[PDB]
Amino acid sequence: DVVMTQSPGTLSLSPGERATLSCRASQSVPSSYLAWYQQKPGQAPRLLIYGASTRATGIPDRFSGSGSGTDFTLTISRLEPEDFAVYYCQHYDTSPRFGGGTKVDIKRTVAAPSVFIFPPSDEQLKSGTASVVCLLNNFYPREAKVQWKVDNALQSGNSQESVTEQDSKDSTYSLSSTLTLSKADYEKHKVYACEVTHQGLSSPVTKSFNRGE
């Protein structure tokens, strides 16, 4: 039972830089028993390197593996935005074992989000519920603050947030904050607004609407 641990947990590097992913073991595993897999979001894993150093079919030249014994290294020279993925090392003793995986994030310049607010639809209002959506589009870094104000009163405890994975082309994030109210509570207020504070903004951005207008 050879146990293998990957380091670091997450890796953040700019495009064009050299990425060093380590996979270390509690036993001298021969190089021929080591393999690397790349899993991009939503997709199945892809065989990246096998035999510790043999590049798989169709894999770009920038991916190169090396190492032996108790330390194996995955090198991604000239890092690219499309290299955003989780990388697993894998070996075989008496059965296939996978490492914990290393997430490779991609740094980029600070990008302020584009903020959009959406009132609930009449179709949803006929159902008795009202959802208000605030959209933060294509920003970086991921840290963002979204505050809901209803008739100028800060609302908390009735909204949820969802953030996309880092875009494989521009390495930005997008975020949605959904205020959930009942039709009764929605028709009782006029001014709805979400206030977005972000590093790329010198001052917070507020997007608002008046119910009915």
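All residue numbers are counted from 1 along the displayed sequence.
J.: Averaging the C-alpha B factors as listed in the entry, name the stretch that ends up higher: 22 to 30 or 145 to 153.
T.: Taking the mean C-alpha B-factor of 22 to 30 and of 145 to 153, the larger value falls to 22 to 30.
J.: Mean CA temperature factor from the deposited coordinates, higher in 37 to 45 or in 65 to 73?
T.: Stretch with the higher mean C-alpha B-factor: 65 to 73.
J.: Going by the CA temperature factor in the entry, name the top one among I117, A130, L136, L79.
T.: Across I117, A130, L136, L79, the entry lists the biggest C-alpha B-factor for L79.
J.: Could you tell me which one of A112, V86, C89, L125 shows the highest CA temperature factor in the PDB record?
T.: Comparing C-alpha B-factors across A112, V86, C89, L125, the maximum falls on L125.
J.: Relative to the other modelled residues of the same chain, rank the CA B-factor of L179 and answer lowest, middle or highest third.
T.: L179: CA B-factor falls in the lowest third of its chain.
J.: Looking at the temperature factor on the CA atom of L13, which third of the chain's modelled residues does it land in?
T.: Ranked within chain, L13 CA B lands in the highest tercile.
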